[PDB]
Amino acid sequence: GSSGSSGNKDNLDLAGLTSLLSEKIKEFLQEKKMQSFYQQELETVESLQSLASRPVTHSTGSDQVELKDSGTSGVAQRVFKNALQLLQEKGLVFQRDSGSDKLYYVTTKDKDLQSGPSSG
């Protein structure tokens, strides 16, 4: 039983909503049954965009920075790119080659690169 509530005073947030998107992507992988893909490749997934585009606690005149477009999208690019990141924080996905525009390797229940980066 017990008494639940979840939250108190927070109308989601780019990060809050994002954190979710992450799982939305991880799920997509298990849906497409893939072991590799790109954030952009998911940017076309309405089911995803619908989230990466969802509203939040914004209230400005867009960003209009290093963006080649107009219609709402960039913002999503921030939720999506972040989504992947989170995944990399959970261990769902991983990137061997650094770079925003890099292939996102999903775990898809299978071997994967080792954490131990080793510098020296």
# chains A, B, ... in the order shown; residues from 1 in each chain; ligands from 1
>>> select_by_dssp(residues="chain A", states="alpha helix (DSSP H)", output="VMD selection string")
chain A and resid 14 to 32 39 to 43 46 to 52 74 to 90
>>> residues_around(residues="stretch 92-94 of chain A", least_positions_apart="3", cutoff="7 Å", atoms="only C-alpha atoms", output="MDAnalysis selection string")
chainID A and resid 26 87:88 104:107
>>> residues_around(residues="residue A:56", least_positions_apart="2", cutoff="10 Å", atoms="only C-alpha atoms", output="number ranges by chain")
A: 11-18, 53-54, 58-59
>>> write_last_selection(atoms="N, CA and C atoms", output="PDB file, in the first residue's frame")
ATOM      1  N   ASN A  11       7.417  21.453 -12.914  1.00  0.00           N
ATOM      2  CA  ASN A  11       6.745  21.205 -14.178  1.00  0.00           C
ATOM      3  C   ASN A  11       7.763  20.697 -15.202  1.00  0.00           C
ATOM      4  N   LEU A  12       8.348  19.550 -14.886  1.00  0.00           N
ATOM      5  CA  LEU A  12       9.336  18.949 -15.764  1.00  0.00           C
ATOM      6  C   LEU A  12      10.408  19.986 -16.107  1.00  0.00           C
ATOM      7  N   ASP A  13      11.400  19.538 -16.862  1.00  0.00           N
ATOM      8  CA  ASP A  13      12.488  20.413 -17.264  1.00  0.00           C
ATOM      9  C   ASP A  13      13.253  19.770 -18.422  1.00  0.00           C
ATOM     10  N   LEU A  14      13.897  20.619 -19.209  1.00  0.00           N
ATOM     11  CA  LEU A  14      14.665  20.148 -20.349  1.00  0.00           C
ATOM     12  C   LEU A  14      15.426  18.881 -19.957  1.00  0.00           C
ATOM     13  N   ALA A  15      15.963  18.902 -18.745  1.00  0.00           N
ATOM     14  CA  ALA A  15      16.715  17.766 -18.240  1.00  0.00           C
ATOM     15  C   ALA A  15      15.741  16.679 -17.782  1.00  0.00           C
ATOM     16  N   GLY A  16      14.734  17.106 -17.036  1.00  0.00           N
ATOM     17  CA  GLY A  16      13.732  16.184 -16.531  1.00  0.00           C
ATOM     18  C   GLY A  16      13.081  15.401 -17.673  1.00  0.00           C
ATOM     19  N   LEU A  17      12.603  16.145 -18.660  1.00  0.00           N
ATOM     20  CA  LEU A  17      11.959  15.537 -19.811  1.00  0.00           C
ATOM     21  C   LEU A  17      12.990  14.728 -20.599  1.00  0.00           C
ATOM     22  N   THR A  18      14.189  15.285 -20.689  1.00  0.00           N
ATOM     23  CA  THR A  18      15.267  14.629 -21.409  1.00  0.00           C
ATOM     24  C   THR A  18      15.539  13.245 -20.818  1.00  0.00           C
ATOM     25  N   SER A  53      10.455  16.967 -28.317  1.00  0.00           N
ATOM     26  CA  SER A  53       9.848  18.218 -28.741  1.00  0.00           C
ATOM     27  C   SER A  53       8.852  18.700 -27.685  1.00  0.00           C
ATOM     28  N   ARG A  54       8.475  17.780 -26.809  1.00  0.00           N
ATOM     29  CA  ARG A  54       7.531  18.097 -25.751  1.00  0.00           C
ATOM     30  C   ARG A  54       7.896  19.430 -25.097  1.00  0.00           C
ATOM     31  N   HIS A  58      10.327  26.466 -20.557  1.00  0.00           N
ATOM     32  CA  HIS A  58      10.977  27.474 -21.377  1.00  0.00           C
ATOM     33  C   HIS A  58      10.058  28.688 -21.522  1.00  0.00           C
ATOM     34  N   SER A  59      10.655  29.798 -21.932  1.00  0.00           N
ATOM     35  CA  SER A  59       9.906  31.029 -22.114  1.00  0.00           C
ATOM     36  C   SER A  59      10.813  32.112 -22.702  1.00  0.00           C
TER      37      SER A  59
END
>>> residues_around(residues="residue A:108", least_positions_apart="3", cutoff="8 Å", atoms="only C-alpha atoms", output="list in words")
residues 29, 30, 33, 34, 35 and 92 of chain A
>>> write_last_selection(atoms="N, CA, C and O atoms", output="short mmCIF file (atom, residue, chain, number, x, y, z; two decimals), in the first residue's frame")
data_model
loop_
_atom_site.label_atom_id
_atom_site.label_comp_id
_atom_site.auth_asym_id
_atom_site.auth_seq_id
_atom_site.Cartn_x
_atom_site.Cartn_y
_atom_site.Cartn_z
N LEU A 29 15.81 1.21 -29.54
CA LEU A 29 16.83 0.26 -29.97
C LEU A 29 16.28 -1.16 -29.86
O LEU A 29 16.39 -1.95 -30.80
N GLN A 30 15.70 -1.45 -28.70
CA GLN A 30 15.13 -2.76 -28.46
C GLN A 30 13.92 -3.00 -29.37
O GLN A 30 13.45 -4.12 -29.51
N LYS A 33 15.71 -3.34 -32.84
CA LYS A 33 16.62 -4.46 -32.70
C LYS A 33 17.93 -4.14 -33.43
O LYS A 33 18.28 -4.82 -34.40
N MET A 34 18.61 -3.12 -32.94
CA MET A 34 19.87 -2.71 -33.53
C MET A 34 20.98 -2.65 -32.48
O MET A 34 20.70 -2.64 -31.28
N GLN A 35 22.21 -2.62 -32.96
CA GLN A 35 23.36 -2.57 -32.08
C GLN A 35 24.18 -1.30 -32.34
O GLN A 35 25.26 -1.12 -31.78
N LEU A 92 23.52 2.12 -21.24
CA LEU A 92 22.67 1.64 -22.33
C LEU A 92 23.43 1.76 -23.65
O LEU A 92 23.41 0.84 -24.47
#
>>> closest_residue(among="A:120, A:102, A:10, A:1", to="residue A:84", atoms="only C-alpha atoms")
A:102
>>> closest_residue(among="A:78, A:4, A:112, A:23", to="residue A:65", atoms="only C-alpha atoms")
A:78
>>> residues_around(residues="residue A:115", least_positions_apart="2", cutoff="12 Å", atoms="only C-alpha atoms", output="tab-separated table (two decimals) with C-alpha atoms, in the first residue's frame")
chain	number	residue	atom	x	y	z
A	88	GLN	CA	25.95	6.51	-21.75
A	89	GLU	CA	25.62	7.29	-18.06
A	91	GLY	CA	25.31	2.01	-19.64
A	94	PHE	CA	28.48	4.12	-25.46
A	95	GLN	CA	30.72	6.12	-27.77
A	96	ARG	CA	34.25	5.03	-28.60
A	112	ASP	CA	30.70	-3.79	-25.05
A	113	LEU	CA	33.81	-1.69	-24.58
A	117	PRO	CA	39.92	3.97	-20.31
A	118	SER	CA	43.51	3.91	-19.10
A	119	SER	CA	45.48	7.03	-19.96
>>> closest_residue(among="A:8, A:24, A:97, A:69", to="residue A:47", atoms="only C-alpha atoms")
A:24
>>> residues_around(residues="residue A:42", least_positions_apart="4", cutoff="12 Å", atoms="only C-alpha atoms", output="list in words")
residues 21, 22, 24, 25, 26, 27, 28, 29, 31, 32, 36, 37, 38, 46, 47, 48, 49, 50, 51, 52, 76, 77, 79, 80, 81, 83, 84, 103 and 104 of chain A
>>> write_last_selection(atoms="C-alpha atoms", output="compact mmCIF listing (two decimals), in the first residue's frame")
# COMPACT_ATOMS: atom_id res chain seq x y z
CA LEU A 21 13.77 10.76 -23.78
CA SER A 22 16.91 8.80 -23.02
CA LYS A 24 12.68 6.49 -25.09
CA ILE A 25 15.76 5.99 -27.24
CA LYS A 26 17.05 2.96 -25.39
CA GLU A 27 13.61 1.46 -25.91
CA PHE A 28 13.67 2.31 -29.60
CA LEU A 29 16.83 0.26 -29.97
CA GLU A 31 12.31 -1.98 -30.87
CA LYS A 32 14.38 -1.71 -34.03
CA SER A 36 24.29 0.80 -33.54
CA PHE A 37 22.65 4.02 -34.67
CA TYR A 38 22.72 7.80 -34.61
CA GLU A 46 8.13 10.97 -34.31
CA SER A 47 7.36 8.78 -31.33
CA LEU A 48 10.63 10.15 -30.01
CA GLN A 49 10.49 13.70 -31.32
CA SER A 50 7.06 13.94 -29.74
CA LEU A 51 9.05 13.78 -26.53
CA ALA A 52 12.24 15.51 -27.60
CA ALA A 76 15.01 18.77 -29.45
CA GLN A 77 18.57 18.38 -30.67
CA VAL A 79 17.06 16.86 -25.55
CA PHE A 80 18.10 14.13 -27.95
CA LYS A 81 21.85 14.65 -27.73
CA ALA A 83 19.16 11.63 -24.09
CA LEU A 84 22.00 9.64 -25.61
CA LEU A 103 27.75 6.80 -33.76
CA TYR A 104 25.96 5.73 -30.60
>>> select_by_dssp(residues="chain A", states="strand (DSSP E or B)", output="list in words")
residues 37, 93, 94, 104, 105 and 106 of chain A
